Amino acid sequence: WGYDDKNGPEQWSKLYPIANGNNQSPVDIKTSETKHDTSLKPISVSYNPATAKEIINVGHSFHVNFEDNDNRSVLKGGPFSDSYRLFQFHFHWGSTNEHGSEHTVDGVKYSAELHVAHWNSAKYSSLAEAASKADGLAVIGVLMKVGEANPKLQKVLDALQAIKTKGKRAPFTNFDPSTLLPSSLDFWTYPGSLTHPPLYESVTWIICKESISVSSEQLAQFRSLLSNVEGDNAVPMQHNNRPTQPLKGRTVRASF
């Protein structure tokens, strides 16, 4: 699978029928249809920069992985009674500034999106066990609006020159990804999925109402990452955002 016209989001249903499921992501958050839920606690992140491990070119994107052997790095609060363990973050972006986010708010497309991914370590003993369970994953989504250069993005963007081609990886250490999160953690939450194969309906989405900035040049650095292996013809990673999917009667809740 990929984001080509041949192996792309429109085609994914052929090998992953769950792509047409009832809890697919991302979605368009219509603010007129959200339900304020008084029972939602604030989101609490506490991440240890020593859990930062490795940055990997996975062909369609790049992932920053964290050591997840204990609860040094955790998400709590929001709609959760369980503590969720940080295991990675990544970005989605588009071919132009005009699109690039996965989630949209009242039809508005942002330029990119940050995903900070966590697994239910109160209930399950590994990511591999949790990854397919309804309550297994918690992912913070942060819409990224084109404007001023984001200096917190800096260590991440500086590391891409070492992982230019598919399968390259490099140490990436001493980093707290809570430094990328907006000042306000007022959020929307809905039950949904991974936004690429295998599209498991295992994610409680936490979508921040506040955006973060990214420059046109910072976005170009993402699109300059290559999906080919070293030695082959260079194929830029131009986009990796899935279209929004039908809510099919799910409710998006607002903490605010």
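Start at 1 with the first residue shown and count on from there.
A.B. asks: Check the entry's C-alpha temperature factors for 213 to 221 and 32 to 40, then say which stretch has the higher mean.
C.D. replies: Stretch with the greater average CA B-factor: 32 to 40.
A.B. asks: Once you work out the mean C-alpha B-factor for both 177 to 185 and 87 to 95 from the entry, which is higher?
C.D. replies: The stretch with the larger average C-alpha B-factor is 177 to 185.
A.B. asks: Just the C-alpha B-factor column, please: which of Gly136, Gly107, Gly78, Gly141 has the biggest number?
C.D. replies: That would be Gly78, according to the entry.
A.B. asks: Quick one: which of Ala112, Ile163, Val116, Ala122 has the biggest Cα B-factor according to the entry?
C.D. replies: Checking the PDB record, the top C-alpha B-factor among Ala112, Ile163, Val116, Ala122 is at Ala122.
A.B. asks: Which third of the chain holds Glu201 when residues are ordered by C-alpha B factor: lowest, middle or highest?
C.D. replies: Within its chain, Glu201 is a lowest-third residue by C-alpha B-factor, going by the deposited values.
A.B. asks: Split into thirds by Cα B-factor across the chain's modelled residues, where does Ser132 land: lowest, middle or highest?
C.D. replies: Its C-alpha B-factor belongs to the highest third of this chain's values.
A.B. asks: Looking at the C-alpha B-factor of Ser101, is it in the lowest, middle or highest third of its chain?
C.D. replies: Within its chain, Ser101 is a lowest-third residue by C-alpha B-factor, going by the deposited values.
A.B. asks: Using only modelled residues of the chain, where does the Cα B factor of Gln24 rank: lowest third, middle third or highest third?
C.D. replies: For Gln24, the deposited C-alpha B-factor lands in the middle third.
A.B. asks: If you rank the chain by CA B-factor, which third does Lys145 end up in: lowest, middle or highest?
C.D. replies: Middle third - that is where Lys145 ends up once the chain's C-alpha B-factors are sorted.
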